[PDB]
Amino acid sequence: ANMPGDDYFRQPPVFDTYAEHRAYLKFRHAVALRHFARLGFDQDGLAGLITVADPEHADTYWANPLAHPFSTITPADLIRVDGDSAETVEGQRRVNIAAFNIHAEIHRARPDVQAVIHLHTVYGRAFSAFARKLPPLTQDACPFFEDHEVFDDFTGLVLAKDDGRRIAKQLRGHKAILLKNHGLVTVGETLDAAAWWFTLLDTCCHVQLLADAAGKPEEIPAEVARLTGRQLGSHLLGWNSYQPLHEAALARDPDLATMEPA
Amino acid sequence: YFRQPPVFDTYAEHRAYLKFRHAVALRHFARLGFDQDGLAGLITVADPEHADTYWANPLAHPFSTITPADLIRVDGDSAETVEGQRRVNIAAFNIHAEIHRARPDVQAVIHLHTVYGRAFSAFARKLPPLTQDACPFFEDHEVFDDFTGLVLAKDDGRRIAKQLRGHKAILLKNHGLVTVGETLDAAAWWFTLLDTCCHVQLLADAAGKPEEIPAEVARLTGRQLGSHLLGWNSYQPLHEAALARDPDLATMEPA
Amino acid sequence: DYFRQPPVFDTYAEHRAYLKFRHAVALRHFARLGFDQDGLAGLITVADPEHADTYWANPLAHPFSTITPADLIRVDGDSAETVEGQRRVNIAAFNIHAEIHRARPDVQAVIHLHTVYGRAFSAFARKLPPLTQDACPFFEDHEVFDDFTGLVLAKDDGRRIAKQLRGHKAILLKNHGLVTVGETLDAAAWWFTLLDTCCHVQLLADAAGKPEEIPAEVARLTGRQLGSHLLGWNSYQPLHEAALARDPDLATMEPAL
Amino acid sequence: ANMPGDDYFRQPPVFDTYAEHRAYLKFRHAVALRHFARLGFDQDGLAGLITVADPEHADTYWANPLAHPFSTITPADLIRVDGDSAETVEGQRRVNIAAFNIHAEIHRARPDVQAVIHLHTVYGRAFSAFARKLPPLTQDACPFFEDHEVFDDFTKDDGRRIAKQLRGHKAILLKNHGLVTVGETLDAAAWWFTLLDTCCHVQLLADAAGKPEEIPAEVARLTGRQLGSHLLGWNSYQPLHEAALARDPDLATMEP
Ligand SMILES: CC(C)=CCc1cc(C(=O)O)ccc1O
Ligand SMILES: CC(C)=CCc1cc(C(=O)O)ccc1O
Ligand SMILES: CC(C)=CCc1cc(C(=O)O)ccc1O
Ligand SMILES: CC(C)=CCc1cc(C(=O)O)ccc1O
Ligand SMILES: [Fe+3]
Ligand SMILES: [Fe+3]
Ligand SMILES: [Fe+3]
Ligand SMILES: [Fe+3]
């Protein structure tokens with residue numbers, strides 16, 4: 001309505017060639033893993049995965065390889081994985097096939113999505129144990145209002161594609177899904193937006209848990225939550241919100257910063 | 001016994017001091033983790049010469065890397081950047097400009113989105129005088145008891161400014177904390193202290209049923225520890241600690 | 001093919017050098033997590049591969065953050081005397097570890113560190129529920145030691161703990177803290193790391209409300225999938241590597257092969 | 001009881017000269033402040049104070065000066081303060097006179113005590129709001145069992161009242177305020193402070209999570225005797241001192 005004008009926010013970049021787009025994505029992919037490591041989302045052993053669709057090779061995805069610590073990962077460590085077979089088509093190492101099954105099915109169900117993020121975190125795990133939608137407790141939780149789901153089954157590791165299919169079906173067109181008794185998944189039209197939604201979702205889980213422990217807080221009414229969610233929950237806002245996180249992660253590691261593509 | 005805020009002979013010297021302190025305060029807040037909030041956080045500092053214009057951190061610049069040269073000067077009425085190229089967060093700026101207009105005594109307004117501040121703000125409740133450290137807020141802060149989404153209309157900023165009255169802080173319910181100060185330093189101390197007090201209150205409420213300090217004691221304590229002089233002085237080691245962490249920024253310190 | 005396998009060594013000397021290096025790095029990993037703040041309380045023992053009933057240990061009072069392979073001491077199981085090195089072990093903690101080692105010839109390493117979440121959860125004298133997938137490795141595979149008699153200054157109290165542990169991967173010493181074991185140091189250190197985080201999650205969820213646990217039959221299946229030695233060993237690898245990357249100086253002490 | 005023999009633990013050092021003793025104490029004092037800064041106990045503005053009695057000059061105390069951040073302090077920044085007047089007798093800067101009044105009265109009441117520590121912390125502040133003794137919830141809390149008090153009022157006369165309530169104990173909880181510990185050495189005092197804050201953290205979390213069971217008094221008292229002596233506190237602090245040194249090579253070089 002009285003939202004800022006067209007030129008207020010920065011726009012996601014567009015690239016001439018697939019190779020230029022790919023170099024940009026692999027760098028942002030590595031930086032996002034460094035950002036998540038610094039938040040402590042790298043402690044979960046082999047559980048964490050970020051997939052980014054290759055712009056040129058349909059139905060193949062860049063991924064962090066099994067067991068590589070997020071804190072040291074570089075673009076050259078990323079592997080490209082075939083969606084259907086989960087086989088590595090570029091690189092030597094394998095992906096986490098269970099996590100990858102979930103991601104590939106989400107990617108297949110969501111052609112609009114460039115990136116899927118699933119990391120095992122403390123606040124995310126704890127909140128997921130309630131099998132409950134994230135309430136619109138504060139303005140910052142409103143981007144998820146009427147735009148996330150709870151996957152209300154838990155059948156162990158997703159070793160059958162059918163489990164991935166069921167998760168993707170429950171996600172529908174939403175930005176996030178809570179795997180009950182498991183943890184958070186976010187998606188985005190860009191890696192940047194996906195990584196912002198993940199960061200924000202974990203912080204919202206933290207806030208909700210603490211407020212519930214401390215007393216009986218009041219949530220924002222639906223009508224205001226929905227308005228606020230429209231204001232703050234768009235791809236453009238998510239992409240823009242991620243930028244200082246990317247930049248801050250660069251400033252922290254001069255070595256990674258030097259690998260930024262021309 | 002206490003140090004006094006400095007006096008300057010020229011606007012240029014005063015301005016350079018303010019911009020340096022402004023950037024260091026952002027580095028202090030980044031180190032506390034208050035830089036995780038995307039585009040939400042804002043600190044405004046009145047320019048000492050140019051009435052009704054305010055230095056601000058620009059939209060999307062990470063607090064951890066910001067320098068004086070990154071700060072933008074923004075016109076209070078239009079929210080237009082009049083010095084620098086980048087834009088301010090116009091929603092947050094609407095709140096700050098209205099508070100500045102309502103409070104000629106205030107040099108600085110701070111609003112950052114934090115975990116403890118967000119959580120506590122969800123209760124729409126004044127911060128109790130639970131410990132000595134919470135007493136600076138006792139009978140000196142308000143709750144803004146409305147939430148209508150982003151503050152995109154100056155009128156909503158006006159309402160917040162009206163509710164703040166002469167107080168040092170206001171809790172925007174279901175949103176987060178705002179503090180003010182006669183100096184940037186005092187404002188940044190109040191913000192730091194308020195977040196810690198929110199943390200302590202939430203933990204104590206979760207753990208059981210704690211007892212507050214009685215109002216009579218709280219008010220006396222609050223007078224002792226809630227003055228501008230105390231707030232300004234309390235901030236000094238925080239400024240210095242932030243400097244020690246970045247030698248590069250430390251070299252940009254004016255004389 | 002998919003998972004890596006623990007290494008096999010041709011000589012006791014090569015095995016030993018590998019273990020001491022991994023032992024030091026594990027202590028660096030735990031320091032970084034803040035599990036080094038407990039004064040003298042924390043202990044990791046690693047069985048020597050050649051010398052029966054003797055154990056490498058971190059020495060009393062050496063900070064985890066600076067420890068190197070050369071600082072580790074080898075301790076006799078029965079006497080708790082240092083047989084290699086100069087310094088003494090924490091004899092109370094060692095009594096527990098020696099008895100567990102004696103009871104569990106399959107175990108290479110025993111880990112006991114005093115942590116905030118571990119201590120807090122241990123105050124409830126309660127098994128760790130299968131609240132999330134990550135807690136399932138402990139499902140039907142850990143015990144609670146349901147006595148607390150002070151420092152373990154008698155072998156007999158170590159015996160009681162070892163008896164209650166049975167064949168499990170972990171035991172919660174009530175009003176005290178966590179102990180994990182493993183067929184390798186790596187797996188033991190992964191179980192400890194994971195156990196502490198699971199204690200954290202359980203405490204927060206119980207504080208926040210009334211969460212629902214995974215049903216037993218699903219928990220048991222998940223626990224078999226994620227609770228094997230192979231999975232534990234593999235899960236630890238990025239933690240070892242991340243600790244190395246943090247200290248180039250320690251990283252240079254890595255043995256070859 | 002079944003406790004280790006004579007030579008098992010290291011002993012606090014003895015010096016032949018006050019000059020050597022003093023240089024040792026000032027170095028340890030600076031390092032302890034670095035240790036506490038790293039724990040985040042430096043966030044509390046002007047609130048935090050560590051006093052260390054000078055070994056030679058009666059009723060005078062080394063202190064961190066008002067408003068110097070803990071993270072950067074060196075031995076040369078410490079000031080020596082007269083107990084009675086709170087005047088700086090060595091150095092230029094002033095101490096926090098309010099906090100110092102509490103410390104000086106504690107020192108006066110406790111000739112056995114070398115060091116008094118009062119820092120404002122999150123878990124300490126929160127737990128102190130309950131005006132309740134720290135229960136023997138885990139082994140680690142047992143050093144405080146029957147060896148700490150709650151000051152059941154609101155903050156020289158105030159210092160006197162605190163010192164009276166502390167009696168011969170290692171710690172006192174200032175209700176609705178925060179923690180104080182003391183020690184026969186700086187090292188032991190700093191260990192008790194570190195440990196006390198962690199114990200407050202554990203107690204708060206366990207009380208939030210449900211209804212935990214404490215160690216019975218008889219076992220708590222035995223455990224407290226095993227782990228709550230000066231010797232054990234001194235020894236427990238040593239890795240914390242050494243770890244703090246390893247973190248700052250620059251401070252490490254100032255070691256006497
Ligand atoms: C067995 C396998 C293919 C992968 C291992 C693995 C997967 C996951 C997960 O997807 O949640 C979590 C932890 C973990 O270790
Ligand atoms: C639409 C717009 C002007 C600004 C962005 C923006 C503002 C705020 C806020 O003021 O609370 C929080 C997050 C955020 O992204
Ligand atoms: C008296 C003695 C042998 C050892 C010291 C000692 C042991 C323990 C323990 O095992 O839990 C914890 C702390 C500590 O200081
Ligand atoms: C007025 C004065 C001498 C000191 C100020 C001061 C005292 C205290 C305290 O004693 O608890 C805490 C914070 C603080 O800022
Ligand atoms: Fe998973
Ligand atoms: Fe805001
Ligand atoms: Fe122990
Ligand atoms: Fe105080």
# chains A, B, ... in the order shown; residues from 1 in each chain; ligands from 1
$ residues_near_ligand --ligand "ligand 5" --cutoff "8 Å" --atoms "only C-alpha atoms and all ligand atoms" --output "ChimeraX atom specification"
/A:47-48,98-99,118-120,157,182-183
$ write_last_selection --atoms "N, CA and C atoms" --output "PDB file, in the first residue's frame"
ATOM      1  N   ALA A  47      24.252 -33.981   9.423  1.00  0.00           N
ATOM      2  CA  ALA A  47      22.833 -33.717   9.198  1.00  0.00           C
ATOM      3  C   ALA A  47      22.566 -32.537   8.250  1.00  0.00           C
ATOM      4  N   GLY A  48      23.478 -31.569   8.164  1.00  0.00           N
ATOM      5  CA  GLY A  48      23.074 -30.315   7.545  1.00  0.00           C
ATOM      6  C   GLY A  48      23.305 -30.310   6.043  1.00  0.00           C
ATOM      7  N   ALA A  98      20.020 -39.219   2.560  1.00  0.00           N
ATOM      8  CA  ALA A  98      18.734 -39.087   3.240  1.00  0.00           C
ATOM      9  C   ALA A  98      18.239 -37.642   3.180  1.00  0.00           C
ATOM     10  N   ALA A  99      19.097 -36.702   3.584  1.00  0.00           N
ATOM     11  CA  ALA A  99      18.718 -35.306   3.504  1.00  0.00           C
ATOM     12  C   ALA A  99      18.471 -34.924   2.040  1.00  0.00           C
ATOM     13  N   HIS A 118      18.344 -27.248   5.151  1.00  0.00           N
ATOM     14  CA  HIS A 118      17.900 -28.035   6.292  1.00  0.00           C
ATOM     15  C   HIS A 118      19.128 -28.261   7.174  1.00  0.00           C
ATOM     16  N   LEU A 119      19.119 -27.622   8.354  1.00  0.00           N
ATOM     17  CA  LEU A 119      20.205 -27.738   9.321  1.00  0.00           C
ATOM     18  C   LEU A 119      19.605 -28.134  10.652  1.00  0.00           C
ATOM     19  N   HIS A 120      20.345 -28.904  11.452  1.00  0.00           N
ATOM     20  CA  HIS A 120      19.773 -29.323  12.716  1.00  0.00           C
ATOM     21  C   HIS A 120      20.258 -28.303  13.745  1.00  0.00           C
ATOM     22  N   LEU A 157      14.966 -41.766   9.269  1.00  0.00           N
ATOM     23  CA  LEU A 157      15.718 -41.214   8.153  1.00  0.00           C
ATOM     24  C   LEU A 157      14.888 -41.369   6.883  1.00  0.00           C
ATOM     25  N   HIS A 182      12.314 -33.147  14.719  1.00  0.00           N
ATOM     26  CA  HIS A 182      13.410 -33.277  13.777  1.00  0.00           C
ATOM     27  C   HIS A 182      14.098 -31.917  13.608  1.00  0.00           C
ATOM     28  N   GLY A 183      13.473 -30.979  12.890  1.00  0.00           N
ATOM     29  CA  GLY A 183      14.076 -29.653  12.752  1.00  0.00           C
ATOM     30  C   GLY A 183      13.463 -28.838  11.609  1.00  0.00           C
TER      31      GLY A 183
END
$ select_by_dssp --residues "segment 33-203 of chain B" --states "strand (DSSP E or B)" --output "number ranges by chain"
B: 42-46, 53-56, 72-75, 81-83, 108-112, 141-144, 169-172, 176-181
$ residues_near_ligand --ligand "ligand 2" --cutoff "10 Å" --atoms "only C-alpha atoms and all ligand atoms" --output "tab-separated table (two decimals) with C-alpha atoms, in the first residue's frame"
chain	number	residue	atom	x	y	z
A	2	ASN	CA	2.18	2.84	1.41
A	3	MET	CA	5.13	0.46	1.08
A	4	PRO	CA	8.32	2.09	-0.35
A	5	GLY	CA	8.66	2.79	-4.11
A	8	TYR	CA	13.91	1.41	-2.81
A	9	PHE	CA	15.28	-2.11	-2.33
A	139	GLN	CA	6.71	-8.62	13.99
A	140	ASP	CA	9.74	-10.75	13.05
A	228	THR	CA	2.88	-7.52	8.56
A	230	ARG	CA	2.98	-9.37	3.49
A	231	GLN	CA	5.21	-6.37	4.33
A	232	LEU	CA	8.16	-8.48	5.52
A	233	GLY	CA	7.66	-11.93	3.95
A	236	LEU	CA	12.52	-9.14	-2.26
A	237	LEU	CA	12.59	-8.43	1.50
A	238	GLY	CA	14.16	-11.84	2.26
A	240	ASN	CA	17.61	-7.81	0.90
A	241	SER	CA	17.69	-8.89	4.57
B	37	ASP	CA	18.13	-8.62	12.45
B	38	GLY	CA	18.56	-7.99	8.69
B	39	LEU	CA	17.48	-4.40	7.94
B	40	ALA	CA	15.73	-3.72	11.26
B	41	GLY	CA	18.32	-1.95	13.37
B	42	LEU	CA	18.74	1.82	13.46
B	59	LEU	CA	20.02	0.26	4.96
B	60	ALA	CA	21.67	-3.16	4.71
B	87	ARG	CA	18.84	5.23	1.99
B	88	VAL	CA	17.83	4.77	5.62
B	89	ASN	CA	15.26	2.19	6.74
B	90	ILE	CA	12.26	4.49	6.23
B	91	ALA	CA	9.93	2.61	8.65
B	92	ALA	CA	12.35	2.69	11.55
B	93	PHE	CA	13.37	6.25	10.60
B	94	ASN	CA	9.73	7.45	10.85
B	95	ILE	CA	9.72	6.38	14.51
B	111	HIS	CA	16.11	0.69	18.04
B	112	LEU	CA	17.57	-2.78	17.39
B	113	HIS	CA	15.70	-6.05	17.14
B	149	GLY	CA	2.72	-3.55	11.38
B	150	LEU	CA	5.55	-1.53	9.85
B	151	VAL	CA	5.53	2.16	10.79
B	152	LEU	CA	4.96	3.50	7.27
B	172	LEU	CA	7.09	-1.53	21.38
B	175	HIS	CA	8.23	-5.70	18.25
B	176	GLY	CA	11.21	-4.69	20.44
$ residues_around --residues "residue 179 of chain B" --least-positions-apart "4" --cutoff "12 Å" --atoms "only C-alpha atoms" --output "PyMOL selection string"
chain B and resi 42-44+95-96+99-100+106-112+117+137+140-143+160-161+164+166-172+183-195+231
$ residues_near_ligand --ligand "ligand 3" --cutoff "8 Å" --atoms "only C-alpha atoms and all ligand atoms" --output "list in words"
residues 38, 39, 40, 41, 42, 90, 91, 92, 93, 94, 114, 151, 152, 153 and 176 of chain C; 3, 4, 139, 140, 226, 227, 232, 235 and 236 of chain D
$ write_last_selection --atoms "N, CA, C and O atoms" --output "mmCIF file, in the first residue's frame"
data_model
loop_
_atom_site.group_PDB
_atom_site.id
_atom_site.type_symbol
_atom_site.label_atom_id
_atom_site.label_comp_id
_atom_site.auth_asym_id
_atom_site.auth_seq_id
_atom_site.Cartn_x
_atom_site.Cartn_y
_atom_site.Cartn_z
ATOM 1 N N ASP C 38 35.409 -26.404 33.960
ATOM 2 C CA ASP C 38 34.942 -27.218 35.095
ATOM 3 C C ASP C 38 36.072 -27.484 36.095
ATOM 4 O O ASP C 38 35.953 -28.380 36.949
ATOM 5 N N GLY C 39 37.153 -26.700 35.981
ATOM 6 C CA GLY C 39 38.347 -26.844 36.817
ATOM 7 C C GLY C 39 39.084 -28.142 36.479
ATOM 8 O O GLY C 39 39.573 -28.312 35.360
ATOM 9 N N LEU C 40 39.086 -29.084 37.430
ATOM 10 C CA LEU C 40 39.836 -30.335 37.337
ATOM 11 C C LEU C 40 38.952 -31.511 36.918
ATOM 12 O O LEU C 40 39.412 -32.668 36.917
ATOM 13 N N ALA C 41 37.673 -31.234 36.625
ATOM 14 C CA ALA C 41 36.674 -32.304 36.573
ATOM 15 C C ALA C 41 36.741 -33.135 35.286
ATOM 16 O O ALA C 41 36.279 -34.269 35.262
ATOM 17 N N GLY C 42 37.264 -32.588 34.186
ATOM 18 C CA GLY C 42 37.032 -33.286 32.932
ATOM 19 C C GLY C 42 38.120 -34.310 32.619
ATOM 20 O O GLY C 42 39.305 -34.055 32.833
ATOM 21 N N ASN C 90 43.359 -37.076 37.480
ATOM 22 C CA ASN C 90 42.265 -36.929 38.431
ATOM 23 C C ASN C 90 41.870 -38.334 38.901
ATOM 24 O O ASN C 90 41.256 -39.100 38.145
ATOM 25 N N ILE C 91 42.228 -38.682 40.137
ATOM 26 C CA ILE C 91 42.101 -40.072 40.565
ATOM 27 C C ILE C 91 40.635 -40.458 40.767
ATOM 28 O O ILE C 91 40.290 -41.612 40.542
ATOM 29 N N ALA C 92 39.768 -39.509 41.178
ATOM 30 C CA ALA C 92 38.349 -39.805 41.367
ATOM 31 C C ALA C 92 37.683 -40.124 40.031
ATOM 32 O O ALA C 92 37.036 -41.158 39.880
ATOM 33 N N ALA C 93 37.853 -39.228 39.049
ATOM 34 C CA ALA C 93 37.302 -39.495 37.736
ATOM 35 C C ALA C 93 37.935 -40.767 37.146
ATOM 36 O O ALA C 93 37.248 -41.571 36.517
ATOM 37 N N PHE C 94 39.241 -40.955 37.360
ATOM 38 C CA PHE C 94 39.937 -42.103 36.780
ATOM 39 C C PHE C 94 39.371 -43.420 37.315
ATOM 40 O O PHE C 94 39.326 -44.419 36.582
ATOM 41 N N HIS C 114 32.253 -32.013 32.847
ATOM 42 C CA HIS C 114 31.137 -31.454 33.591
ATOM 43 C C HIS C 114 30.588 -30.312 32.742
ATOM 44 O O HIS C 114 31.354 -29.422 32.432
ATOM 45 N N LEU C 151 32.587 -37.748 45.707
ATOM 46 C CA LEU C 151 33.685 -38.106 44.827
ATOM 47 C C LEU C 151 33.852 -39.632 44.868
ATOM 48 O O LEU C 151 33.671 -40.267 45.918
ATOM 49 N N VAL C 152 34.209 -40.201 43.710
ATOM 50 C CA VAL C 152 34.405 -41.641 43.592
ATOM 51 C C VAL C 152 35.838 -41.954 43.996
ATOM 52 O O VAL C 152 36.733 -41.966 43.161
ATOM 53 N N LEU C 153 36.035 -42.184 45.300
ATOM 54 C CA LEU C 153 37.368 -42.340 45.861
ATOM 55 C C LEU C 153 37.674 -43.824 46.100
ATOM 56 O O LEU C 153 38.816 -44.163 46.414
ATOM 57 N N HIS C 176 25.319 -34.977 38.804
ATOM 58 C CA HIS C 176 26.753 -34.982 38.557
ATOM 59 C C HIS C 176 27.021 -34.572 37.109
ATOM 60 O O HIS C 176 27.464 -33.455 36.861
ATOM 61 N N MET D 3 40.686 -39.287 50.756
ATOM 62 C CA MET D 3 41.173 -38.174 49.958
ATOM 63 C C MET D 3 42.643 -38.399 49.599
ATOM 64 O O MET D 3 43.339 -39.169 50.266
ATOM 65 N N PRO D 4 43.123 -37.825 48.465
ATOM 66 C CA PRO D 4 44.524 -37.908 48.067
ATOM 67 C C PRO D 4 45.511 -37.427 49.125
ATOM 68 O O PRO D 4 45.175 -36.569 49.936
ATOM 69 N N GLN D 139 26.912 -32.095 42.187
ATOM 70 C CA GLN D 139 28.188 -32.133 42.886
ATOM 71 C C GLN D 139 28.848 -30.754 42.883
ATOM 72 O O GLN D 139 29.401 -30.343 43.911
ATOM 73 N N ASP D 140 28.797 -30.058 41.722
ATOM 74 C CA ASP D 140 29.511 -28.798 41.569
ATOM 75 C C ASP D 140 28.989 -27.665 42.454
ATOM 76 O O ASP D 140 29.739 -26.714 42.708
ATOM 77 N N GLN D 226 34.930 -32.201 50.433
ATOM 78 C CA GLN D 226 35.874 -32.722 49.445
ATOM 79 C C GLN D 226 36.250 -31.622 48.446
ATOM 80 O O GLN D 226 37.416 -31.533 48.069
ATOM 81 N N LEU D 227 35.286 -30.791 48.006
ATOM 82 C CA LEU D 227 35.536 -29.934 46.855
ATOM 83 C C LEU D 227 35.553 -28.452 47.229
ATOM 84 O O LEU D 227 35.792 -27.614 46.352
ATOM 85 N N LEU D 232 41.459 -26.922 47.090
ATOM 86 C CA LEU D 232 40.769 -27.346 45.882
ATOM 87 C C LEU D 232 40.404 -26.148 44.992
ATOM 88 O O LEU D 232 40.529 -26.219 43.767
ATOM 89 N N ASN D 235 43.556 -24.853 43.292
ATOM 90 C CA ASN D 235 43.986 -25.767 42.246
ATOM 91 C C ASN D 235 43.069 -25.684 41.014
ATOM 92 O O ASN D 235 43.557 -25.787 39.883
ATOM 93 N N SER D 236 41.765 -25.574 41.247
ATOM 94 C CA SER D 236 40.779 -25.545 40.158
ATOM 95 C C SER D 236 40.970 -24.310 39.285
ATOM 96 O O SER D 236 40.630 -24.326 38.098
#
$ closest_atom_pairs --of "chain A" --to "chain D" --cutoff "12 Å" --atoms "only C-alpha atoms" --output "tab-separated table"
residue	atom	partner	partner_atom	distance
A:209	CA	D:209	CA	11.7
A:210	CA	D:208	CA	10.3
A:212	CA	D:208	CA	11.0
A:213	CA	D:208	CA	7.2
A:214	CA	D:208	CA	8.4
A:215	CA	D:208	CA	10.9
$ write_last_selection --atoms "N, CA and C atoms" --output "mmCIF file, in the first residue's frame"
data_model
loop_
_atom_site.group_PDB
_atom_site.id
_atom_site.type_symbol
_atom_site.label_atom_id
_atom_site.label_comp_id
_atom_site.auth_asym_id
_atom_site.auth_seq_id
_atom_site.Cartn_x
_atom_site.Cartn_y
_atom_site.Cartn_z
ATOM 1 N N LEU A 209 10.149 -20.066 22.297
ATOM 2 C CA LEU A 209 10.448 -20.983 23.401
ATOM 3 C C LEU A 209 10.663 -20.210 24.698
ATOM 4 N N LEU A 210 11.467 -19.147 24.625
ATOM 5 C CA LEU A 210 11.748 -18.392 25.847
ATOM 6 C C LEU A 210 10.481 -17.719 26.371
ATOM 7 N N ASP A 212 7.320 -18.602 25.914
ATOM 8 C CA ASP A 212 6.458 -19.643 26.491
ATOM 9 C C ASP A 212 6.962 -20.140 27.847
ATOM 10 N N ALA A 213 8.292 -20.270 27.984
ATOM 11 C CA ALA A 213 8.855 -20.690 29.269
ATOM 12 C C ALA A 213 8.614 -19.627 30.344
ATOM 13 N N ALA A 214 8.699 -18.346 29.944
ATOM 14 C CA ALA A 214 8.685 -17.247 30.907
ATOM 15 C C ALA A 214 7.269 -16.939 31.367
ATOM 16 N N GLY A 215 6.249 -17.216 30.545
ATOM 17 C CA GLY A 215 4.882 -16.903 30.949
ATOM 18 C C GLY A 215 3.895 -17.272 29.845
#
$ interface_residues --of "chain C" --to "chain B" --cutoff "12 Å" --atoms "only C-alpha atoms" --output "MDAnalysis selection string"
chainID C and resid 203:204 206:209
$ residues_near_ligand --ligand "ligand 8" --cutoff "10 Å" --atoms "only C-alpha atoms and all ligand atoms" --output "list in words"
residues 132 and 133 of chain B; 44, 46, 47, 48, 49, 96, 98, 99, 100, 102, 118, 119, 120, 121, 125, 155, 174, 177, 178, 179 and 180 of chain D
$ residues_around --residues "residue 99 of chain C" --least-positions-apart "4" --cutoff "10 Å" --atoms "only C-alpha atoms" --output "VMD selection string"
chain C and resid 77 to 78 94 to 95 103 to 104 155 to 163
$ closest_atom_pairs --of "chain C" --to "chain A" --cutoff "8 Å" --atoms "only C-alpha atoms" --output "tab-separated table"
residue	atom	partner	partner_atom	distance
C:2	CA	A:94	CA	7.5
C:131	CA	A:181	CA	6.2
C:132	CA	A:181	CA	4.2
C:133	CA	A:182	CA	5.4
C:134	CA	A:182	CA	7.4
C:194	CA	A:44	CA	7.7
C:197	CA	A:122	CA	7.2
C:200	CA	A:122	CA	7.5
C:201	CA	A:126	CA	5.2
C:202	CA	A:126	CA	7.1
C:204	CA	A:126	CA	6.7
C:205	CA	A:126	CA	5.3
C:207	CA	A:213	CA	5.1
C:208	CA	A:213	CA	4.0
C:209	CA	A:213	CA	6.8
C:210	CA	A:130	CA	7.6
C:211	CA	A:130	CA	4.9
C:212	CA	A:129	CA	6.0
C:213	CA	A:129	CA	7.2
C:214	CA	A:181	CA	6.9
C:218	CA	A:155	CA	6.2
C:219	CA	A:156	CA	7.6
C:221	CA	A:156	CA	6.9
C:222	CA	A:156	CA	4.9
C:225	CA	A:157	CA	7.6
C:234	CA	A:67	CA	7.4
C:235	CA	A:45	CA	4.4
C:236	CA	A:45	CA	6.4
C:237	CA	A:67	CA	6.6
C:238	CA	A:69	CA	4.7
C:239	CA	A:69	CA	7.0
C:241	CA	A:69	CA	6.9
C:242	CA	A:69	CA	6.0
C:245	CA	A:72	CA	7.4
$ select_by_dssp --residues "segment 5-232 of chain C" --states "helix (DSSP H, G or I)" --output "NGL selection string"
:C and (12-32 or 64-66 or 69-71 or 91-103 or 116-122 or 133-138 or 155-165 or 185-208 or 216-226 or 229-232)
$ interface_residues --of "chain D" --to "chain B" --cutoff "10 Å" --atoms "only C-alpha atoms" --output "PyMOL selection string"
chain D and resi 40+42-47+66-72+93-97+120-132+153-155+174-178+201+203-210
$ atom_distance --atom1 "atom CA of residue 35 of chain C" --atom2 "atom CA of residue 229 of chain D"
22.8 Å
$ atom_distance --atom1 "atom CA of residue 249 of chain D" --atom2 "atom CA of residue 33 of chain B"
26.4 Å
$ closest_residue --among "D:111, D:256, D:224, D:65" --to "chain C" --atoms "only C-alpha atoms"
D:224
$ residues_around --residues "segment 3-13 of chain C" --least-positions-apart "2" --cutoff "8 Å" --atoms "only C-alpha atoms" --output "number ranges by chain"
C: 1, 15-17, 49-50, 230-231, 233-234
$ decode --residues "segment 26-30 of chain A" --atoms "N, CA, C and O atoms" --output "mmCIF file, in the first residue's frame"
data_model
loop_
_atom_site.group_PDB
_atom_site.id
_atom_site.type_symbol
_atom_site.label_atom_id
_atom_site.label_comp_id
_atom_site.auth_asym_id
_atom_site.auth_seq_id
_atom_site.Cartn_x
_atom_site.Cartn_y
_atom_site.Cartn_z
ATOM 1 N N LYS A 26 28.048 -20.570 -6.346
ATOM 2 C CA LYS A 26 28.919 -21.434 -5.550
ATOM 3 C C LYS A 26 29.586 -20.613 -4.442
ATOM 4 O O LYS A 26 29.811 -21.091 -3.321
ATOM 5 N N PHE A 27 29.965 -19.377 -4.780
ATOM 6 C CA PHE A 27 30.568 -18.522 -3.761
ATOM 7 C C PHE A 27 29.556 -18.206 -2.653
ATOM 8 O O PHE A 27 29.866 -18.308 -1.467
ATOM 9 N N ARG A 28 28.340 -17.795 -3.028
ATOM 10 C CA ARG A 28 27.323 -17.468 -2.026
ATOM 11 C C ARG A 28 26.963 -18.701 -1.187
ATOM 12 O O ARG A 28 26.685 -18.585 0.015
ATOM 13 N N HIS A 29 26.962 -19.885 -1.831
ATOM 14 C CA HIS A 29 26.713 -21.157 -1.162
ATOM 15 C C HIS A 29 27.756 -21.412 -0.070
ATOM 16 O O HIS A 29 27.415 -21.711 1.087
ATOM 17 N N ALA A 30 29.031 -21.287 -0.416
ATOM 18 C CA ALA A 30 30.088 -21.452 0.578
ATOM 19 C C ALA A 30 29.973 -20.414 1.701
ATOM 20 O O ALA A 30 30.114 -20.762 2.889
#
